Every structure is written in structure tokens, then in C-alpha cells.
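A.B. asks: I have a structure here, written as C-alpha cells, and I will follow up with some questions on it.
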Amino acid sequence: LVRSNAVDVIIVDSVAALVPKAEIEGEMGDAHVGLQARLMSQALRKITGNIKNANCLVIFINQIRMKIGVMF
Amino acid sequence: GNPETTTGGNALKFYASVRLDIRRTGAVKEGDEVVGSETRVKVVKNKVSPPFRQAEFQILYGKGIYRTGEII
Amino acid sequence: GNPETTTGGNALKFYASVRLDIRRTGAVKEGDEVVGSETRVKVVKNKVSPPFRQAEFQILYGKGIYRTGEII
Amino acid sequence: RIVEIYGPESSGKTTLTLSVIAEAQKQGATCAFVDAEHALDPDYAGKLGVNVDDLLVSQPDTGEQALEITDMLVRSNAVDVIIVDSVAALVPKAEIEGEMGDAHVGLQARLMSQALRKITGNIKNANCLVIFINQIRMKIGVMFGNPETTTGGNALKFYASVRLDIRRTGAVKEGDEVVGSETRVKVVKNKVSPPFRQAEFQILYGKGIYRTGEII
Amino acid sequence: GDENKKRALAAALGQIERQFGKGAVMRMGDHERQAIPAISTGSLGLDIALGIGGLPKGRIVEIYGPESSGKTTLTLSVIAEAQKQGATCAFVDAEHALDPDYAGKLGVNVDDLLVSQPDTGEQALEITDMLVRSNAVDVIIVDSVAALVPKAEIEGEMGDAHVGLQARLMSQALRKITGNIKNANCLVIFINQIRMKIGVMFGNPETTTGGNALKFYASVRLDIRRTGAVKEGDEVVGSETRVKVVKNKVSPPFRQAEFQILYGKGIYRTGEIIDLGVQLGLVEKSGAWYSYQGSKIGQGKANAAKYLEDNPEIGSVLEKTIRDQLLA
Amino acid sequence: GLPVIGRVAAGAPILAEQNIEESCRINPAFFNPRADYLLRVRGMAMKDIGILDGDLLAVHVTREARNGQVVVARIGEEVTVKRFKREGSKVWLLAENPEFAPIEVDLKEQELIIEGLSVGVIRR
Amino acid sequence: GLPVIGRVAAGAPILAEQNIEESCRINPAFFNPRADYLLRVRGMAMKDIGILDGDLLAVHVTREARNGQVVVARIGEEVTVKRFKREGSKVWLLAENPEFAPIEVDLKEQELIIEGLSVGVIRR
Ligand SMILES: Nc1ncnc2c1ncn2[C@@H]1O[C@H](COP(=O)(O)OP(=O)(O)OP(O)(O)=S)[C@@H](O)[C@H]1O
Ligand SMILES: Nc1ncnc2c1ncn2[C@@H]1O[C@H](COP(=O)(O)OP(=O)(O)OP(O)(O)=S)[C@@H](O)[C@H]1O
Ligand SMILES: [Mg+2]
Ligand SMILES: [Mg+2]
């Protein structure tokens, strides 16, 4: 969509739900740690310039997930 | 230049009325096993018609040249 | 193309009535130890029948070519 | 017959050749080690058991000179064992004379092919045993298969009567310090008996190969 | 028979001598050196670890390690040690990174140091070859083997397919240099960089750069890393190092050695001698009290270092004794 | 193109070399992961997945393996096709046949190299 | 120059123009019987042989069968690929599944249309 420079306000709801394809076929409980983060980093690096050339406005929506370990 | 040269001295390329240069580029393979070869004949020299009229045709083992192919 | 090229000049490939091409693809093992090798002969030139009729046969060290396997 | 043994760095090629030289000298033969990269510690060789004073060492500057020296020694019908320390170090005369980073592609390969063609006929008549030590250089574009590829052209692997493949696997330790390294020799080619007879043994530093543990 | 064999061998040797020179068999008695001539590397940890009390002369040496590990400082300490002996040394660098003020701080007599900073990889190798052939320079240090960019790569644009181009250059340059070095009795040191490879799938993924044609010629390959840091309560003035001799052709390999590097002051040899002497026994400490010849030299490594510095002969005696007991 | 550059063993690993046997005529990107070369199969280990014996298999050059996806493992000088499954210092090369018992490979003791992932079969 | 019969409309000729998707999934006709069109077989009716949901299978236009030879037989309105088994006057559409029993069709009341020979399967 951003490539076409037609749509200029793109909303991506629930970043959390972008389950990677390579993990959808994987069985439940497999320790696929970081796959989604790598996917997101690649996507951002790939579409962070096309936005500028257009006037799109990609609005992601994330979710709160309390972390464990240190609680300063 | 072109390193490839004929043998038998160079007293034959003067008397020779017409000199061909037949090379076997492709191989016509029916299915998996090869049954013919894609030859190309170039008339490098001629004293009865213009030279360099390279022609191509198919050669079929056992039967000979595939006249119908290039006729069609 | 194929960079591989026989040695001893290219005057032998014209007179050669039939030029084979032996290559040892596999290995035959009796449990763990190798007792023979898997060849693959390809008739790459022939003046007595159509070329490129590659044949495969197993060779056993000491016993020679394994004909009894081919016959079955 | 030509015998060529290769393997990664610090695998034990020079040590194995020195052990062979020691065996030949003990049997009562004259051996000549024609070093290539000017890398050899005569103290260590003496430790292995080879009588250095009886051993002929050469330090050829260019590849042609080293190959010619080997041919001369073979023709002499005197030396029964000739070891060429490395085949990657036989720099062709033209390459050394010329400037760096030139497109001198194939010079070493042609030199090796010529040397083998000239030497193979004399070796059988002279009953010598020339051992070529080769290095490992990763072939780019192989993809499928083993990238490993010996250096010095591919004309040596046709004449080589028996080609070894020596690699260093372990390390023998007295709790804290390493005194010897496990080695695995694999006969990747052979014309005098079935190939692929991998054999493992230990190389204790200073004391050479550990035949006694092998016998046990 | 045997006489015939001896005569034939003598004839062949004479002909080889006559055609090529005096280079068929080395003179027996002449080539008997008690030890291989070695250049002290500024620390007892490496001098003892190498066995010959310093890097061997006439052989390529290769030291690699992670970023800010201590490669350049070690090479500069070696250069200073050689200069104190009385041999000319040349530092050729490719990353164009060198602070001559700091080098002079370490101890190198920068006034007499042939520093070349070639703009291309091939040029650096050519300069090293020329210097080696000159038989004048005794120690040659080529820095950052990973920074020798081939001329072709520089001429081309960023992103072109130049896979494996630099390994060819490295292998060829070594093939030519190795021969001259032994004749010139030089000492070439290469400084690689650790660059983890891909698909290791388990185990040590570290991988040295600049192709793998250098690890065959390299007479002795080190592996220098930084473990911790020395802090005076709040500030850091030096970093502990750990040099491991991963390859060697003059003594058994894997003789790991450890020592501190003090910024500006260079290598901290005074502490290393104390550490070796305490475990050897020549220096006595009742747990935490340093002593020497029944005298309380004081309390603390810095205190012991000062006590040894006030009396340089005392330090030299311990350094000679420890070498005579361990190196030989 | 996709020249055939050898044969993979479906079962017990066998020696594999880079020598080109022949050249096919299917466009390079006919497969989704852009298969680069076809590796001839040999055996019946993957019969349960539709890969019988003597059926040209397309391979994509990938050094990374993900559990549950069929790859072309290469143990030493031997190359074989199996399902990849790693859970630490050990790797299991599962086979889709009761006859062929899974293969256990310990990365610490024996080096394992992955040639790539399979993208299809030709069965010509 | 090979047609990909992917969409098989009900009541449409085996080589209808609408039945071809193309999409540059075109490769040369190097198959031995010289198949003239690629048909994608859907259904587990030949799991034992290697037929799956995809498995683009090449079919050579020809009307002939002998003994246990797989062919593309048309029943008028449904296109299916099953093995052929003559019975003199009745033809059996043999398949390979414990659940898919050999379909019995006969000829006196209905004559199966042999669309083409099944040679080669491309899983892709
Ligand atoms: N001019 C300087 N002043 C103070 N500390 C320095 C100076 N130059 C280097 N150091 C420190 O010396 C230690 C060793 O660094 P060097 O070996 O000199 O450089 P280097 O890290 O080996 O070169 P690279 O980038 O790692 S290849 C590090 O802790 C550096 O921070
Ligand atoms: N002087 C020496 N003292 C102790 N160990 C040594 C000595 N020289 C070699 N070694 C060891 O002997 C083993 C065999 O190595 P060598 O055969 O001497 O050298 P190498 O195997 O030829 O190395 P390259 O790069 O292949 S020439 C290695 O573990 C070396 O570390
Ligand atoms: Mg050696
Ligand atoms: Mg530096």
C-alpha cells in the first residue's frame, strides 16, 4: 500500500498479533523466542523510507505485557 | 582473433570454391534421452553466392537430417 | 559451460572412435567399511551407436566390476 | 610412488613426515627434507629421533628451484625419501619476480603439473618416495559438497599414489596442561590397497607419535 | 656398493651447489644455535609461554582479538623492546589509527620508526615486501589485516560482488613474503580481527578475518583478550589481559599467559615478575603479607612494585632467575 | 536451468560431490524459495511425505535450520535429507518412515552442516 | 510453453481457456510422454503414490491404457486422476487409500474419457 502512494493513513492494529508464519506451522509451546521481534525489525527497516517518500502515517498499536526479573 | 584454425596447411582455403563451418550447438533430447543434435552451418567463404549465410537445422541419429523441421 | 577439459591436446578427440567418461559418484559400504565404489560411465562420443547412453555399475575392490548386480 | 598428505593448520603434517624420515633413517636410508616455507626447527626434528646431521635440508627460494632440486636428488639414486614441506609455498619464479596482486592465475598449477610429469618417471626407476605436503583452501561457489580443496593445482591428485587426510581432533592433558593432541588420519585415496581406512593415534610433543598406546 | 651410492650422492650435491649455489644442504656444525633468536615481547608471561623467550625471528606471527583487547599496544611493546636492543623497526598500518604520542609514552622511540599508512591493501603488502628485501628493517608490524582493501574493491562501488577477493591477495602476498623473511631474519606481525562466522550451529563461532591462508604460514598465533579492568576505587587506569598461544612451531602450544596493561605506562612487568616469583618461591608471602629474603617487602602489589622499583638490580636478579628456571 | 549437482540420500547418509550430472529446463524461480539446484534423491526415507526414490529434489541454499522443516543435512562428507529437530547439544534427524530410525547427532562431538532446505520434488 | 490446468471448472473441457492460470508458471515439455498440459490434482485419493493437495501433475493428451496404468479419466462432469484396471467391459478407477475403495465405473452404461496419461508430478 505505501509503495502505491495512494493510501496515506495506514493503521496496523495489535502489533502483538502479527504471529510469524514460520511459527504458525510450529507446534504449540515451541520456544521460538525473538522471532516476532526480528520480523518487526526487518519490517521497520524495510518500510521506514517508503513512508517518507509518501505522506503515509503508519500507526501501530501495541499492548502492555509486564516483564519479570528486575523491578526497580 | 579466433585461435581455432583448420589443419592441413593453408593451400586448401584458396582453391576451395566454398568452405562451410559446421558446429553442433544444441542437442535435441526427447524426454530424458537425447535423440538428435542442433547443428549450425555457416558458409564462411563462397565463390558462387554471397558468403556468411549461416543456416541451422536438426540432425536425427539413425534417420539423418530432419528436413521437415526446417521446411516447416 | 563446463570448465573441465581433458589433457593431451585436442587432436585425440577427433580420432577417438568412442570416448567414455567415468565418474565415481557414490560409495558402497558393508555396515561401516567401504568395500566398493559407485561409478557412472557416460558415452560422450560414439561412431557405432547414438551417444550419451550413460550406464551405472558398482565396482568392488578386488572382485572387479559387479556384473551380477547389473544382471539383476 | 608420489604420496601427498594434506590437512588444516597444526594437524600434524610435518610431524608425520618427520616420523617417516626417522623410520627410513633407522632402516638405514638417506633422507632429504626440502623445506618450502623455511619453517623447520632442527631441534624438534632431532627430538623426534631423526638424525639431523644425516638429513639433507634445502631452503629453495622459488618454486622452480625447489622442484629442480628434488628432481636432481631423485635422479642421483641416493636419497630414498624426499619431503617437500609445502606445495602452496612453491611460488613460481614469475610470480615472485612480478609485482603483487597480479593476475598470475595458473602459473603454480602448470609448474606443479610439469614437475610431476618429469618426476614420476624417475621416481620408479630410483625407488624413491616423494611426499608432498599440501594445505587447505576453501573453494568458493562449491555450495553443495565439501568446500575443502587442496592448493597447488589439481594435477597432483592424479599422480599421488596414496593421499592422506590428517586432522587434529582432541588434546591430551595432565589435568591442566596440554602435552599431546589426538590425530585422525584418513586414507582418502590409494592404489596399493583399499582406501578409506581411517586410523587414529596420538602425537605427544617432543616424543613424536605414541606407538606404545596404539599397540595396547 | 655403498661407496658407489656415496659417490653418486656427492656428485649430485656438488652439481646442485655449482648450479644454484651453497643451498643444497645446510652446513651441519654452523647451524647449531642454542636457542632460536627471539625478540622479547615486553612481558614474562609471553616470554615464558613461547618457550624461546620471545617471538621467533624470521617467521610470520599473528595476534588477533576482540575490539579493544590489546593488540596494538602489545605490538608497540614488542617494537620498543626490539628498539632497545638496537634494531630498526617499521610499523605499517591500514586503519590509519595510531597515536604517536601514546606510542612514545609506551616506550617506542618514535623519532626512529618507519610508519607507513598505505591507501590500499596491495600497496601495504608491497611496502612490507620492499622493506623485508631491504634487509635493513628488523621488525615489521602490519596492522589490521582486515583493513587491507584490494585495489579492485576500492575502484568499484559499494555493494559490488567481490566475494573472496581479499583472501586471494593475502594468500599471494604471504606466498611471496615468507621466503624473504627467513633470509632477512625479519619478524612480521599481522593484526587480525575477530569476526564471528555464520551457521556454526554450536561451539566457538569466533572466526579470524583476512582469509585462512595466513594461519598456515604464521609461525606463532596468539589470541589476546581483555578479561577485567583495574580500578582505583572510581577510575580505571588499566585492563587485565589474557594472551593464549593458540598455535606454535617453536614450543608446545596453548601456554596461556596473563598480565595487566597500564594506560600510558604500558605493560606491567613489575607485577608479573612478582606473581611468578611468589609461586616459584623466590618471593614469600604468608597468605597476604609479601616478603623477600625474610624481609617484609611491604603490604600490597603496588607496595611490592615500588619496593622492586627502588632497587632495579633486585628486579633484574629475580627476572634472570625466573627465566633461568622456567624458560630454560 | 537448475543443473543437477549430485544426489542426496533419503536414509543412511552417502557421499555427495558437486559434479553437474545434467541441466534441467525449469525456470530458477519456479519454486517459492527460489530453488538453486536439484539434488537427486536415493532411498525411501521420505516416502510418507511424497518423496519416493529417483525423484529430482529442489534445494535452496540456506545455512540456518528451523525445527520441523525438511533440510539437507551434511555430516562430514555424507549428505542426507531428514526433518530437522534440535533441542540443545543434540540434533535429531527424524525420518517419515517406521523402517528408518531417527538419527541422533550431537553438535558438540560431531560437526553438522546444513546444505539447505527442500522446496519441492520433480519426479520426472 | 506448457499450460497449467489449475482451475478445473465443473462441466469444462480439460484444456479450456478459463482453466489455464499461467502466471509465468511455465516450463518446457521435456517429459518423456511429452505432456501438453499441467493438471493440479486435489484430494488424498493417491496419497500412497505421492498425490497431495497440490502436486502439480503433468498429463499427456492421449487415449490408451494397459494393465495398471494411471490415466486422467473423465466421467463427463468430474475430472479425476486414478489408476486404470480393465475388466473386459468395465473399467475400475483404482486408487491407493484404505478409505478410498477402488471406484467401479464399467463401460456398457458409461465410457470413461481418457483425458491424458499421468507422467511426472511436481510438488512445488
Ligand atoms: N591513547 C590512548 N590513551 C589511553 N588509552 C589508550 C590509548 N590508546 C589505546 N588505549 C587503550 O589501550 C587498550 C588496548 O588498546 P590498543 O591495543 O592500544 O588498541 P586496540 O584496541 O588493540 O586496537 P583495536 O581497535 O582493538 S584493533 C584499550 O583499553 C584502549 O582503550
Ligand atoms: N618446536 C615445537 N615444540 C613443540 N610442539 C611443536 C613444535 N613444533 C611443532 N609442534 C607441534 O607439533 C604439532 C604438529 O605440528 P607441525 O607438524 O610441527 O606443524 P604443522 O602441522 O606443519 O603446521 P602446518 O601449518 O600444517 S605446516 C602441533 O601441535 C604443533 O603445535
Ligand atoms: Mg608444517
Ligand atoms: Mg589497533
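In order, the protein sequences belong to chains A, B, C, D, E, F and G. Count the first sequence with this note's numbering and you get residues 1 to 72, in order. Count the second sequence with this note's numbering and you get residues 1 to 72, in order. Count the third sequence with this note's numbering and you get residues 1 to 72, in order. Count the fourth sequence with this note's numbering and you get residues 1 to 216, in order. Count the fifth sequence with this note's numbering and you get residues 1 to 328, in order. Count the sixth sequence with this note's numbering and you get residues 1 to 124, in order. Count the seventh sequence with this note's numbering and you get residues 1 to 124, in order. In this text, a Cβ means the ideal position worked out from N, Cα and C, and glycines have one as well.
#1: Provide the residue(s) that pair with C/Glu56 in DSSP beta bridges, ordered along the chain.
#2: If I follow the unbroken beta strand (DSSP E) through E/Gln83, where does it start and stop?
#3: Which residues of chain E have a Cβ atom closer than 9 Å to the Cβ of D/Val172, listed in chain order?
#4: Note down, in chain order, every chain C residue with its Cβ under 7 Å from the Cβ of F/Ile14.
#5: Under the three-state reduction of DSSP, which class applies to F/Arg34: helix, strand or coil?
#6: Strictly by DSSP, which residues pair up with F/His60?
#7: Determine, for E/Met196, whether the minimum Cβ-Cβ distance to residues of chain F falls below 7 Å.
#8: Do the CB positions of E/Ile189 and E/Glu206 come within less than 7 Å of each other?
#9: Quick check: E/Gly210 and E/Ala146, are their CB atoms within less than 7 Å of each other?
#10: For D/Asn134, which of helix, strand or coil comes out of DSSP?
#11: Compare the beta carbon distance of D/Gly101 and E/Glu122 with 7 Å and say whether it is the shorter of the two.
#12: Can you give me, in chain order, the residues of the stretch 9 to 38 of chain G that have a beta carbon less than 8 Å from any beta carbon in chain B?
#13: Helix or strand or just coil, what does DSSP make of E/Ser291?
#14: Are E/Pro100 and E/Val92 close, meaning C-beta to C-beta below 7 Å?
#15: What residues in the stretch 38 to 62 of chain C bring their beta carbon closer than 8 Å to a beta carbon of chain B?
#16: Determine which residues of the stretch 73 to 88 of chain F have a Cβ less than 7 Å from any Cβ of chain D, and write them out in chain order.
#17: Could you compute how far the alpha carbon of D/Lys13 sits from the alpha carbon of D/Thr183?
#18: Distance, Cα to Cα, E/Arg18 vs E/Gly1?
#19: Which residues in chain D sit within 9 Å of F/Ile5, going by Cβ to Cβ distance?
#20: Does ligand 1 have a heavy atom nearer than 6 Å to the CB of E/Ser43?
#21: Cβ atoms of G/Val59 and G/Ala35: under 7 Å apart, would you say?
#22: With hydrogens ignored, establish whether the beta-carbon of E/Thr72 is closer than 6 Å to any heavy atom of ligand 4.
#23: Using the DSSP secondary-structure output, state which residues sit across from F/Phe84 in a beta bridge.
#24: For A/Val19, report the span of its alpha helix (DSSP H) as first-last.
#25: Let me confirm a value: G/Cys24 is counted as buried when at least 16 other C-beta atoms fall within 10 Å, else exposed. Which label applies?
#26: Using the three-state DSSP reduction, which class does B/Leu20 fall into: helix, strand or coil?
#27: With a 10 Å radius around its C-beta and 16 neighbouring C-beta atoms as the bar for buried, classify D/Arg110 as buried or exposed.
#28: Please identify the residue among C/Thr6, C/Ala27, C/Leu20 whose C-alpha is closest to the C-alpha of C/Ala55.
#29: Does F/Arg42 have its Cβ less than 7 Å from a Cβ in chain E?
#30: My output table needs one value for F/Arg124: the three-state DSSP class, helix, strand or coil.
#31: How should E/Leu125 be labelled, buried or exposed, when 16 other C-beta atoms within 10 angstroms of its C-beta is the threshold for buried?
#32: Short check: CB of B/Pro51 to CB of B/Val41, under 7 Å?
#33: Within the present structure, is the beta-carbon of D/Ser161 separated from the nearest heavy atom of ligand 2 by less than 6 Å?
#34: Compute the Euclidean distance between the alpha carbons of B/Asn10 and D/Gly106, then round it to the nearest angstrom.
#35: How many whole angstroms separate the CB atoms of D/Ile96 and D/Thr62, which I take to be in contact at a CB cut-off of 8 Å?
#36: By DSSP, does C/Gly69 sit in helix, in strand, or in coil?
C.D. replies: Looking at the coordinates:
#1: If you number the third sequence from 1, residue 56 of chain C lands on position 56. Paired residues: C/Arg40.
#2: The residue given as residue 83 of chain E occupies position 83 in the fifth sequence. Here E/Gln83 belongs to no beta strand (DSSP E); instead the alpha helix (DSSP H) covers 71 to 85.
#3: Start at 1 with the first residue of the fourth sequence, and residue 172 of chain D comes out as number 172. Those do not exist, as D/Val172 stays about 11 Å from chain E at its closest Cβ, beyond 9 Å.
#4: The residue given as residue 14 of chain F occupies position 14 in the sixth sequence. Those are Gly26, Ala27, listed as they occur along chain C.
#5: Locating residue 34 of chain F in the sixth sequence gives position 34, where the first residue counts as 1. In this structure, F/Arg34 counts as coil in the three-state DSSP scheme.
#6: Residue mapping note: residue 60 of chain F aligns to position 60 of the sixth sequence, counting from 1. Partner(s): F/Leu117.
#7: What you label residue 196 of chain E is simply residue 196 of the fifth sequence in a count that begins at 1. Chain F contact via Cβ: absent.
#8: Walking along the fifth sequence from the start, residue 189 of chain E turns up at place 189. Walking along the fifth sequence from the start, residue 206 of chain E turns up at place 206. No. Outside cutoff.
#9: Position 210 of the fifth sequence holds residue 210 of chain E. Position 146 of the fifth sequence holds residue 146 of chain E. Inclusion of E/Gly210 and E/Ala146 in the CB contact set at 7 Å is warranted, their separation being smaller than that value.
#10: Within the fourth sequence, numbered from 1, the residue matching residue 134 of chain D stands at position 134. If DSSP states are grouped into helix, strand and coil, D/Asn134 belongs with the strands.
#11: Position 101 of the fourth sequence holds residue 101 of chain D. Position 122 of the fifth sequence holds residue 122 of chain E. It is a contact, given that the beta carbons lie within the stated cut-off.
#12: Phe30, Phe31, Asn32, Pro33, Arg34
#13: If you number the fifth sequence from 1, residue 291 of chain E lands on position 291. Here E/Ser291 sits in strand by DSSP.
#14: On the fifth sequence, residue 100 of chain E is found 100 positions in, with the first residue counted as 1. On the fifth sequence, residue 92 of chain E is found 92 positions in, with the first residue counted as 1. No Cβ-Cβ contact shorter than 7 Å links E/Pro100 with E/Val92.
#15: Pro50, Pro51, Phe52, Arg53
#16: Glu77
#17: For the purposes of this step, residue 13 of chain D is taken as residue 13 along the fourth sequence, with counting starting at 1. For the purposes of this step, residue 183 of chain D is taken as residue 183 along the fourth sequence, with counting starting at 1. Between D/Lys13 and D/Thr183, the C-alpha separation is close to 10 Å.
#18: On the fifth sequence, residue 18 of chain E is found 18 positions in, with the first residue counted as 1. On the fifth sequence, residue 1 of chain E is found 1 positions in, with the first residue counted as 1. Rounded to the nearest angstrom, the two C-alpha atoms are 26 Å apart.
#19: Taking the sixth sequence and counting its residues from 1, one reaches residue 5 of chain F at position 5. Here the neighbours are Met143, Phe144, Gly145.
#20: Within the fifth sequence, residue 43 of chain E is the residue found at index 43, counting from 1. No, the Cβ of E/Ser43 stays beyond 6 Å of every heavy atom of ligand 1.
#21: Here residue 35 of chain G is taken as the residue at index 35 of the seventh sequence, counted from 1. Here residue 59 of chain G is taken as the residue at index 59 of the seventh sequence, counted from 1. At a Cβ-Cβ threshold of 7 Å, G/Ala35 and G/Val59 count as neighbours.
#22: Here residue 72 of chain E refers to the residue found at position 72 when the fifth sequence is read from its first residue. Yes, ligand 4 has a heavy atom inside 6 Å of this Cβ.
#23: Along the sixth sequence, one-based indexing puts residue 84 of chain F at 84. Beta-bridge pairing links F/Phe84 to F/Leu93.
#24: If you number the first sequence from 1, residue 19 of chain A lands on position 19. Segment: none, A/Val19 is in no alpha helix (DSSP H) and carries neither H nor E.
#25: Taking the seventh sequence and counting its residues from 1, the one referred to as residue 24 of chain G is at position 24. G/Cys24 should be labelled exposed.
#26: Counted from its first residue, the second sequence places residue 20 of chain B at position 20. Reduced to three states, the DSSP call for B/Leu20 is strand.
#27: Working through the fourth sequence from its first residue, we reach residue 110 of chain D at position 110. Counting every other CB atom within 10 Å of its CB across the protein chains shown gives D/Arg110 a total below 16, marking it as exposed.
#28: For the purposes of this step, residue 55 of chain C is taken as the residue at position 55 of the third sequence. Of the listed residues, the one whose Cα sits closest to C/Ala55 is C/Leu20.
#29: Along the sixth sequence, one-based indexing puts residue 42 of chain F at 42. By this cut-off, F/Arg42 is not an interface position.
#30: Against the sixth sequence, residue 124 of chain F aligns to sequence position 124. F/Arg124 sits in coil when the DSSP states are folded into three classes, being neither helix nor strand.
#31: Here residue 125 of chain E is taken as the residue at index 125 of the fifth sequence, counted from 1. Classification for E/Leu125: buried.
#32: One-based indexing of the second sequence puts residue 51 of chain B at position 51. One-based indexing of the second sequence puts residue 41 of chain B at position 41. No, Cβ-Cβ distance for B/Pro51 and B/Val41 is not below 7 Å.
#33: Here residue 161 of chain D refers to the residue found at position 161 of the fourth sequence. Flag unset: Cβ of D/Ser161 not near ligand 2.
#34: Walking along the second sequence from the start, residue 10 of chain B turns up at place 10. Walking along the fourth sequence from the start, residue 106 of chain D turns up at place 106. One C-alpha to the other measures close to 33 Å.
#35: Here residue 96 of chain D refers to the residue found at position 96 when the fourth sequence is read from its first residue. Here residue 62 of chain D refers to the residue found at position 62 when the fourth sequence is read from its first residue. So it is a contact: roughly 6 Å between Cβ atoms.
#36: Here residue 69 of chain C corresponds to residue number 69 of the third sequence, with the count starting at 1. In this structure, C/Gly69 counts as helix in the three-state DSSP scheme.
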